[PDB]
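The block underneath contains the structure these notes are about, expressed in structure tokens.
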Amino acid sequence: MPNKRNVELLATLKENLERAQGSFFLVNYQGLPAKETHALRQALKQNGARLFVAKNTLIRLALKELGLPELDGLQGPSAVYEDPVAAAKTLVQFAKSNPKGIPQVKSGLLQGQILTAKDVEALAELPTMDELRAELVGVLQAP
Amino acid sequence: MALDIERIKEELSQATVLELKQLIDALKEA
Amino acid sequence: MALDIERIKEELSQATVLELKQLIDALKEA
Amino acid sequence: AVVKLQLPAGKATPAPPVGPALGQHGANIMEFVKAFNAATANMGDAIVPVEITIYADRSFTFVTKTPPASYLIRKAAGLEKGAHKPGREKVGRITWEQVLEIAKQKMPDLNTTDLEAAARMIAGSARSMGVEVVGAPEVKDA
């Protein structure tokens, strides 16, 4: 039982759980047809905005560590993510949607503090609730 | 000038900040 | 900053940055 | 996929292997022996890559993003007309002055941009050619 240094500095480096607060965290695999998405091997000199390895290593037992509340997007645990630039700019910089560029990227599970589901359709399709919040300055009660 | 107080006082987070929070208060009030 | 950060930060400074910041330096915007 | 070249220094040569073999390749070759001929014109021979693409039909694609790995080598760097028995003799020795930022041209695409990257990439057929040249006198850890 080495528990090889492949798990040791790649078991999170306890990072992104405490880095770019370790929640909102969500969907979408360790890899499928390698042509398209991208800033794959291009996030300026690192892959600080992607991940490297190991579904069995960390996710099975890593632990509860470092949070924000519950859950649930679409589904549950098999393969996940890493970034600081979540739901709004999570999708003007990566992972467009439905199906995608390449052939239709697939699946994962989330947990932030905004109460609800899917994480694909309404939250993650270049939704400019930044440029449609100068719409609220007179809405819902005013004369 | 004031595209910079109204594009940067709401990008204390590029993501859900007050950003996703008057989508949830346009939601709460009719 | 949803629940209480700007729930009543309004009751103290009401009618002074709301009858301003729709028709003052929201005047200055974009 | 669809890849080959056109070269060497200037006065492009569509020879029996370098451009008359454009049949079931792209075939609009009267005006596009001239729209590449300013994209390898007035640069100088050391390698000068050629990027060529695929289509549904017949013409009009891109050229190149960088000529590295022996080019910014044998202009003035490393004095590397790196003679036969490729050289454990110092056929020419340098530092990272005509290697590191002679080409920040490298930065378009080798997937790592910050310069211990495509700098030391192109010090592959330059630096480790027998005389592994030097980047410093070896930083002095402390």
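Residue numbering restarts at 1 for every chain of the structure tokens, chains are lettered A, B, ... in their displayed order, and ligands are numbered from 1 as they appear.
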Each residue of chain D with at least one atom at most 12 Å from chain A should appear once, together with its nearest atom pair and the corresponding distance in Å (one decimal); atoms considered: only C-alpha atoms; ordering: chain, then increasing residue number; output as a Markdown table.
```
| residue | atom | partner | partner_atom | distance |
| --- | --- | --- | --- | --- |
| D:107 | CA | A:44 | CA | 10.1 |
| D:108 | CA | A:42 | CA | 10.5 |
| D:109 | CA | A:42 | CA | 8.7 |
| D:110 | CA | A:42 | CA | 8.8 |
| D:111 | CA | A:42 | CA | 5.1 |
| D:112 | CA | A:45 | CA | 5.2 |
| D:113 | CA | A:45 | CA | 5.8 |
| D:114 | CA | A:45 | CA | 5.7 |
| D:115 | CA | A:45 | CA | 9.0 |
| D:116 | CA | A:45 | CA | 9.6 |
| D:117 | CA | A:45 | CA | 8.2 |
| D:118 | CA | A:45 | CA | 10.8 |
```
How about saving the chosen residues, N, CA, C and O atoms kept, as a PDB file, in the first residue's frame?
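Listing of part.pdb after writing:
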```pdb
ATOM      1  N   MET D 107       4.594  31.964 -29.057  1.00  0.00           N
ATOM      2  CA  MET D 107       3.436  32.046 -28.172  1.00  0.00           C
ATOM      3  C   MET D 107       2.069  31.777 -28.812  1.00  0.00           C
ATOM      4  O   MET D 107       1.126  31.449 -28.077  1.00  0.00           O
ATOM      5  N   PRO D 108       1.879  31.940 -30.149  1.00  0.00           N
ATOM      6  CA  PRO D 108       0.615  31.489 -30.751  1.00  0.00           C
ATOM      7  C   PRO D 108       0.138  30.110 -30.302  1.00  0.00           C
ATOM      8  O   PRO D 108      -0.967  30.024 -29.754  1.00  0.00           O
ATOM      9  N   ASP D 109       0.924  29.037 -30.499  1.00  0.00           N
ATOM     10  CA  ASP D 109       0.444  27.695 -30.135  1.00  0.00           C
ATOM     11  C   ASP D 109       1.606  26.699 -30.016  1.00  0.00           C
ATOM     12  O   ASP D 109       2.117  26.210 -31.027  1.00  0.00           O
ATOM     13  N   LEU D 110       2.006  26.420 -28.771  1.00  0.00           N
ATOM     14  CA  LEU D 110       2.574  25.144 -28.351  1.00  0.00           C
ATOM     15  C   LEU D 110       1.987  24.775 -26.987  1.00  0.00           C
ATOM     16  O   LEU D 110       2.583  23.979 -26.250  1.00  0.00           O
ATOM     17  N   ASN D 111       0.863  25.391 -26.610  1.00  0.00           N
ATOM     18  CA  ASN D 111       0.025  25.012 -25.479  1.00  0.00           C
ATOM     19  C   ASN D 111       0.587  25.454 -24.136  1.00  0.00           C
ATOM     20  O   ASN D 111      -0.135  25.398 -23.138  1.00  0.00           O
ATOM     21  N   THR D 112       1.815  25.952 -24.081  1.00  0.00           N
ATOM     22  CA  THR D 112       2.325  26.583 -22.873  1.00  0.00           C
ATOM     23  C   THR D 112       3.048  27.857 -23.287  1.00  0.00           C
ATOM     24  O   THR D 112       3.937  27.823 -24.147  1.00  0.00           O
ATOM     25  N   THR D 113       2.609  28.985 -22.722  1.00  0.00           N
ATOM     26  CA  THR D 113       2.904  30.313 -23.240  1.00  0.00           C
ATOM     27  C   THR D 113       3.927  31.080 -22.417  1.00  0.00           C
ATOM     28  O   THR D 113       4.697  31.857 -22.985  1.00  0.00           O
ATOM     29  N   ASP D 114       3.956  30.888 -21.098  1.00  0.00           N
ATOM     30  CA  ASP D 114       4.852  31.641 -20.225  1.00  0.00           C
ATOM     31  C   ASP D 114       6.254  31.042 -20.285  1.00  0.00           C
ATOM     32  O   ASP D 114       6.426  29.822 -20.236  1.00  0.00           O
ATOM     33  N   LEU D 115       7.259  31.916 -20.360  1.00  0.00           N
ATOM     34  CA  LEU D 115       8.508  31.602 -21.060  1.00  0.00           C
ATOM     35  C   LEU D 115       9.562  30.978 -20.135  1.00  0.00           C
ATOM     36  O   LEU D 115      10.608  31.557 -19.825  1.00  0.00           O
ATOM     37  N   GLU D 116       9.238  29.767 -19.675  1.00  0.00           N
ATOM     38  CA  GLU D 116      10.176  28.650 -19.590  1.00  0.00           C
ATOM     39  C   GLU D 116       9.654  27.531 -20.474  1.00  0.00           C
ATOM     40  O   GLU D 116      10.272  26.461 -20.572  1.00  0.00           O
ATOM     41  N   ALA D 117       8.524  27.805 -21.126  1.00  0.00           N
ATOM     42  CA  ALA D 117       7.753  27.067 -22.114  1.00  0.00           C
ATOM     43  C   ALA D 117       8.447  27.168 -23.455  1.00  0.00           C
ATOM     44  O   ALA D 117       9.675  27.074 -23.520  1.00  0.00           O
ATOM     45  N   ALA D 118       7.656  27.282 -24.527  1.00  0.00           N
ATOM     46  CA  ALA D 118       8.091  27.271 -25.923  1.00  0.00           C
ATOM     47  C   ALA D 118       9.455  27.915 -26.179  1.00  0.00           C
ATOM     48  O   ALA D 118      10.016  27.748 -27.268  1.00  0.00           O
TER      49      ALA D 118
END
```
Write out chain C, as a tab-separated table (two decimals) with N, CA and C atoms, in the first residue's frame, after superposing it onto chain B by least squares using every C-alpha atom paired in order.
```tsv
chain	number	residue	atom	x	y	z
C	1	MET	N	-25.04	55.99	-12.41
C	1	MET	CA	-23.78	55.50	-11.84
C	1	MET	C	-23.04	54.65	-12.87
C	2	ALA	N	-22.82	55.24	-14.05
C	2	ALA	CA	-22.56	54.45	-15.25
C	2	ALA	C	-21.13	53.91	-15.35
C	3	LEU	N	-20.16	54.82	-15.50
C	3	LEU	CA	-18.89	54.44	-16.14
C	3	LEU	C	-18.14	53.40	-15.32
C	4	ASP	N	-17.99	53.65	-14.01
C	4	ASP	CA	-17.13	52.84	-13.15
C	4	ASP	C	-17.77	52.47	-11.82
C	5	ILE	N	-18.92	53.06	-11.47
C	5	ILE	CA	-19.58	52.75	-10.20
C	5	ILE	C	-20.02	51.29	-10.18
C	6	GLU	N	-20.45	50.78	-11.33
C	6	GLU	CA	-20.77	49.37	-11.54
C	6	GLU	C	-20.11	48.88	-12.84
C	7	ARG	N	-18.81	49.13	-12.98
C	7	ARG	CA	-18.03	48.61	-14.11
C	7	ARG	C	-17.38	47.28	-13.73
C	8	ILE	N	-16.47	47.30	-12.76
C	8	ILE	CA	-16.29	46.12	-11.92
C	8	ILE	C	-16.31	46.56	-10.45
C	9	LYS	N	-17.53	46.77	-9.94
C	9	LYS	CA	-17.98	46.33	-8.63
C	9	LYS	C	-18.48	44.90	-8.73
C	10	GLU	N	-18.40	44.35	-9.95
C	10	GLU	CA	-18.80	43.03	-10.42
C	10	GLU	C	-17.67	42.00	-10.30
C	11	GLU	N	-16.45	42.35	-10.75
C	11	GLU	CA	-15.31	41.43	-10.67
C	11	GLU	C	-15.09	40.93	-9.24
C	12	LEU	N	-15.37	41.79	-8.25
C	12	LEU	CA	-15.41	41.42	-6.84
C	12	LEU	C	-16.89	41.37	-6.45
C	13	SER	N	-17.39	40.17	-6.11
C	13	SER	CA	-18.80	39.74	-6.10
C	13	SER	C	-19.41	39.45	-7.48
C	14	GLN	N	-18.73	38.62	-8.30
C	14	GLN	CA	-19.27	38.06	-9.54
C	14	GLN	C	-19.77	36.63	-9.32
C	15	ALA	N	-20.81	36.26	-10.08
C	15	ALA	CA	-21.46	34.94	-10.04
C	15	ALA	C	-22.16	34.67	-8.70
C	16	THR	N	-22.38	35.72	-7.90
C	16	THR	CA	-22.93	35.57	-6.56
C	16	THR	C	-24.05	36.57	-6.30
C	17	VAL	N	-24.05	37.70	-7.02
C	17	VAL	CA	-25.18	38.62	-7.06
C	17	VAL	C	-25.62	38.89	-8.51
C	18	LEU	N	-25.17	38.04	-9.45
C	18	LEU	CA	-25.62	38.04	-10.84
C	18	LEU	C	-26.25	36.72	-11.27
C	19	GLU	N	-25.73	35.58	-10.79
C	19	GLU	CA	-26.50	34.34	-10.78
C	19	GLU	C	-27.39	34.23	-9.53
C	20	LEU	N	-27.41	35.29	-8.71
C	20	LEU	CA	-28.49	35.50	-7.75
C	20	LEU	C	-29.53	36.54	-8.20
C	21	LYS	N	-29.11	37.79	-8.50
C	21	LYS	CA	-30.07	38.90	-8.57
C	21	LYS	C	-30.79	39.01	-9.93
C	22	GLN	N	-30.75	37.93	-10.70
C	22	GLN	CA	-31.75	37.66	-11.72
C	22	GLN	C	-32.76	36.59	-11.29
C	23	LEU	N	-32.30	35.56	-10.54
C	23	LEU	CA	-33.14	34.43	-10.12
C	23	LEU	C	-33.21	34.25	-8.59
C	24	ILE	N	-32.81	35.29	-7.83
C	24	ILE	CA	-33.11	35.51	-6.41
C	24	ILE	C	-33.66	36.94	-6.43
C	25	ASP	N	-33.68	37.64	-5.28
C	25	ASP	CA	-34.59	38.74	-4.94
C	25	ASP	C	-34.84	39.80	-6.02
C	26	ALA	N	-34.37	39.57	-7.25
C	26	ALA	CA	-35.17	39.93	-8.43
C	26	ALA	C	-36.33	38.95	-8.62
C	27	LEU	N	-36.20	37.73	-8.09
C	27	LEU	CA	-37.35	36.87	-7.83
C	27	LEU	C	-38.40	37.65	-7.04
C	28	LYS	N	-37.95	38.34	-5.99
C	28	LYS	CA	-38.75	39.28	-5.19
C	28	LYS	C	-38.77	40.63	-5.89
C	29	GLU	N	-39.80	40.90	-6.68
C	29	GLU	CA	-39.86	42.17	-7.41
C	29	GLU	C	-41.30	42.44	-7.84
C	30	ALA	N	-41.62	43.73	-7.96
C	30	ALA	CA	-42.91	44.18	-8.50
C	30	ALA	C	-44.11	43.48	-7.84
```
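With atom CA of residue 26 of chain D on one side and atom CA of residue 59 of chain D on the other, the separation reads 5.8 Å.
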Which neighbours of segment 86-96 of chain D fall inside 10 Å, counting only C-alpha atoms, when residues of the same chain fewer than 5 positions from it are skipped, and could you give them as a PyMOL selection string? chain D and resi 74+76-81+101-102+119-120+123+126-127+129-137
Write out the residues from the selection above, keeping C-alpha atoms, as an mmCIF file, in the first residue's frame.
```cif
data_model
loop_
_atom_site.group_PDB
_atom_site.id
_atom_site.type_symbol
_atom_site.label_atom_id
_atom_site.label_comp_id
_atom_site.auth_asym_id
_atom_site.auth_seq_id
_atom_site.Cartn_x
_atom_site.Cartn_y
_atom_site.Cartn_z
ATOM 1 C CA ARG D 74 20.619 29.222 -37.056
ATOM 2 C CA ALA D 76 22.615 34.003 -35.047
ATOM 3 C CA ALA D 77 21.946 31.773 -32.004
ATOM 4 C CA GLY D 78 24.203 28.946 -30.894
ATOM 5 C CA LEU D 79 26.348 29.441 -34.010
ATOM 6 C CA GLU D 80 24.465 26.276 -34.954
ATOM 7 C CA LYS D 81 25.523 25.145 -38.307
ATOM 8 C CA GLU D 101 12.640 36.149 -26.720
ATOM 9 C CA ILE D 102 13.991 36.181 -30.254
ATOM 10 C CA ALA D 119 11.403 28.995 -25.180
ATOM 11 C CA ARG D 120 12.926 25.761 -23.761
ATOM 12 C CA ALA D 123 16.031 24.688 -27.088
ATOM 13 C CA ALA D 126 19.103 23.699 -30.219
ATOM 14 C CA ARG D 127 20.295 23.337 -26.606
ATOM 15 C CA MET D 129 22.096 18.984 -29.194
ATOM 16 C CA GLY D 130 25.170 17.505 -27.523
ATOM 17 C CA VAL D 131 26.281 20.587 -25.618
ATOM 18 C CA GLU D 132 23.245 21.253 -23.432
ATOM 19 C CA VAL D 133 23.843 24.861 -23.768
ATOM 20 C CA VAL D 134 22.772 26.923 -20.753
ATOM 21 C CA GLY D 135 19.877 28.981 -19.418
ATOM 22 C CA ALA D 136 21.925 30.445 -16.548
ATOM 23 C CA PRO D 137 24.775 29.454 -14.240
#
```
Excluding same-chain residues fewer than 3 positions from residue 74 of chain A, what lies within 12 Å of it counting only C-alpha atoms, as a ChimeraX atom specification? /A:26-28,71,77,106-111,116-121
Shell of 12 Å around residue 30 of chain D, only C-alpha atoms, local chain residues under 3 positions omitted, as number ranges by chain: D: 14, 19-20, 22, 26-27, 33-37, 59
Could the residues in this selection be saved with N, CA and C atoms as a tab-separated table (two decimals), in the first residue's frame?
```
chain	number	residue	atom	x	y	z
D	14	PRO	N	7.55	25.17	-56.46
D	14	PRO	CA	6.63	24.03	-56.66
D	14	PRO	C	7.24	22.94	-57.53
D	19	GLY	N	4.06	20.94	-54.78
D	19	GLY	CA	2.96	21.80	-55.15
D	19	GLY	C	2.24	21.53	-56.47
D	20	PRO	N	2.93	20.89	-57.42
D	20	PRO	CA	2.20	20.24	-58.53
D	20	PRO	C	1.37	19.06	-58.08
D	22	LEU	N	-0.96	18.95	-56.23
D	22	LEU	CA	-2.19	19.53	-55.71
D	22	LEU	C	-3.29	19.17	-56.71
D	26	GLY	N	-5.99	20.54	-52.36
D	26	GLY	CA	-6.67	21.73	-52.85
D	26	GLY	C	-6.19	22.09	-54.24
D	27	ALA	N	-7.13	22.41	-55.12
D	27	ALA	CA	-6.84	22.61	-56.53
D	27	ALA	C	-7.46	23.93	-56.98
D	33	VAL	N	-0.52	30.24	-55.83
D	33	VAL	CA	0.94	30.20	-55.68
D	33	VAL	C	1.46	31.62	-55.41
D	34	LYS	N	0.57	32.52	-55.01
D	34	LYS	CA	0.85	33.94	-54.81
D	34	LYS	C	0.32	34.51	-53.49
D	35	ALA	N	-0.68	33.88	-52.86
D	35	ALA	CA	-1.17	34.33	-51.56
D	35	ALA	C	-0.48	33.64	-50.40
D	36	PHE	N	0.25	32.55	-50.67
D	36	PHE	CA	1.24	32.06	-49.73
D	36	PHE	C	2.60	32.72	-49.94
D	37	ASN	N	2.91	33.14	-51.18
D	37	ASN	CA	4.23	33.63	-51.54
D	37	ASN	C	4.54	35.00	-50.96
D	59	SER	N	-10.50	25.47	-51.77
D	59	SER	CA	-9.57	26.62	-51.60
D	59	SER	C	-9.61	27.36	-50.26
```
Filtered DSSP result for chain B, state alpha helix (DSSP H), as a PyMOL selection string: chain B and resi 25-28
Store the residues of this selection in a file with C-alpha atoms, as a PDB file, in the first residue's frame.
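selection_5.pdb was written with the following content:
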```
ATOM      1  CA  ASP B  25     -35.422  39.187  -6.118  1.00  0.00           C
ATOM      2  CA  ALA B  26     -37.038  39.863  -9.471  1.00  0.00           C
ATOM      3  CA  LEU B  27     -38.171  36.290  -8.681  1.00  0.00           C
ATOM      4  CA  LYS B  28     -39.359  36.893  -5.093  1.00  0.00           C
TER       5      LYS B  28
END
```
Kindly determine which residues of chain A lie within 12 Å of chain C, considering only C-alpha atoms, and give the answer as a list in words. residues 113, 114, 131, 134, 135, 136, 137, 138, 139 and 142 of chain A
Next, write the just-selected residues to a file, as a PDB file, in the first residue's frame, keeping N, CA and C atoms as the atom set.
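Here's the written file out.pdb:
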```pdb
ATOM      1  N   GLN A 113     -25.391  27.760  -3.221  1.00  0.00           N
ATOM      2  CA  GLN A 113     -26.437  28.193  -2.263  1.00  0.00           C
ATOM      3  C   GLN A 113     -27.585  28.958  -2.971  1.00  0.00           C
ATOM      4  N   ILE A 114     -28.035  28.466  -4.146  1.00  0.00           N
ATOM      5  CA  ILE A 114     -29.092  29.139  -4.923  1.00  0.00           C
ATOM      6  C   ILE A 114     -30.267  28.200  -5.229  1.00  0.00           C
ATOM      7  N   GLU A 131     -25.969  42.000 -17.818  1.00  0.00           N
ATOM      8  CA  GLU A 131     -26.476  43.042 -18.708  1.00  0.00           C
ATOM      9  C   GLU A 131     -28.003  43.172 -18.671  1.00  0.00           C
ATOM     10  N   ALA A 134     -29.611  46.005 -15.257  1.00  0.00           N
ATOM     11  CA  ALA A 134     -30.114  47.349 -15.472  1.00  0.00           C
ATOM     12  C   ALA A 134     -31.554  47.334 -16.035  1.00  0.00           C
ATOM     13  N   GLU A 135     -32.250  46.189 -15.928  1.00  0.00           N
ATOM     14  CA  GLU A 135     -33.686  46.076 -16.179  1.00  0.00           C
ATOM     15  C   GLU A 135     -34.525  46.163 -14.906  1.00  0.00           C
ATOM     16  N   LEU A 136     -33.895  46.023 -13.733  1.00  0.00           N
ATOM     17  CA  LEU A 136     -34.578  45.929 -12.448  1.00  0.00           C
ATOM     18  C   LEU A 136     -34.737  47.273 -11.746  1.00  0.00           C
ATOM     19  N   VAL A 137     -34.097  48.329 -12.260  1.00  0.00           N
ATOM     20  CA  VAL A 137     -34.019  49.606 -11.558  1.00  0.00           C
ATOM     21  C   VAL A 137     -35.359  50.333 -11.461  1.00  0.00           C
ATOM     22  N   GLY A 138     -36.405  49.834 -12.128  1.00  0.00           N
ATOM     23  CA  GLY A 138     -37.741  50.404 -11.996  1.00  0.00           C
ATOM     24  C   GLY A 138     -38.856  49.375 -11.993  1.00  0.00           C
ATOM     25  N   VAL A 139     -38.484  48.093 -11.951  1.00  0.00           N
ATOM     26  CA  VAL A 139     -39.457  47.019 -12.132  1.00  0.00           C
ATOM     27  C   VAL A 139     -40.130  46.673 -10.798  1.00  0.00           C
ATOM     28  N   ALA A 142     -43.097  50.165  -9.235  1.00  0.00           N
ATOM     29  CA  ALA A 142     -43.011  51.618  -9.386  1.00  0.00           C
ATOM     30  C   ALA A 142     -44.165  52.183 -10.223  1.00  0.00           C
TER      31      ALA A 142
END
```
Show which residues sit within 8 Å of residue 127 of chain A, as an mmCIF file with N, CA, C and O atoms, in the first residue's frame. Count only C-alpha atoms, and ignore same-chain residues fewer than 4 positions away.
```
data_model
loop_
_atom_site.group_PDB
_atom_site.id
_atom_site.type_symbol
_atom_site.label_atom_id
_atom_site.label_comp_id
_atom_site.auth_asym_id
_atom_site.auth_seq_id
_atom_site.Cartn_x
_atom_site.Cartn_y
_atom_site.Cartn_z
ATOM 1 N N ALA A 88 -21.998 32.537 -13.974
ATOM 2 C CA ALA A 88 -22.113 33.518 -15.055
ATOM 3 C C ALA A 88 -20.987 33.356 -16.080
ATOM 4 O O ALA A 88 -21.237 33.053 -17.255
ATOM 5 N N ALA A 122 -30.885 27.057 -17.669
ATOM 6 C CA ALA A 122 -31.169 28.454 -17.355
ATOM 7 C C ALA A 122 -29.961 29.199 -16.791
ATOM 8 O O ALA A 122 -29.877 30.428 -16.939
ATOM 9 N N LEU A 123 -29.005 28.482 -16.181
ATOM 10 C CA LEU A 123 -27.871 29.097 -15.490
ATOM 11 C C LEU A 123 -26.612 29.207 -16.353
ATOM 12 O O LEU A 123 -25.710 29.992 -16.020
#
```
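When atom CA of residue 70 of chain D is paired with atom CA of residue 125 of chain D, their separation reads 6.4 Å.
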Name the residues in contact with residue 17 of chain A at a cut-off of 9 Å, using only C-alpha atoms, excluding same-chain residues fewer than 6 positions from it; report them as a compact mmCIF listing (two decimals) with N, CA and C atoms, in the first residue's frame.
```txt
# COMPACT_ATOMS: atom_id res chain seq x y z
N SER A 23 -16.88 25.50 -3.23
CA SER A 23 -18.25 25.08 -3.48
C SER A 23 -18.66 25.75 -4.78
N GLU A 65 -15.05 17.62 2.98
CA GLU A 65 -14.30 18.86 3.24
C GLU A 65 -14.79 20.11 2.50
N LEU A 66 -15.02 21.17 3.30
CA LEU A 66 -14.96 22.62 3.04
C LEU A 66 -16.13 23.34 2.36
N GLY A 67 -17.07 22.60 1.77
CA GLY A 67 -18.46 23.00 1.55
C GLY A 67 -18.95 24.30 0.92
```
Would you compute the distance between atom CA of residue 49 of chain D and atom CA of residue 97 of chain D? Give it in Å to one decimal. 22.5 Å
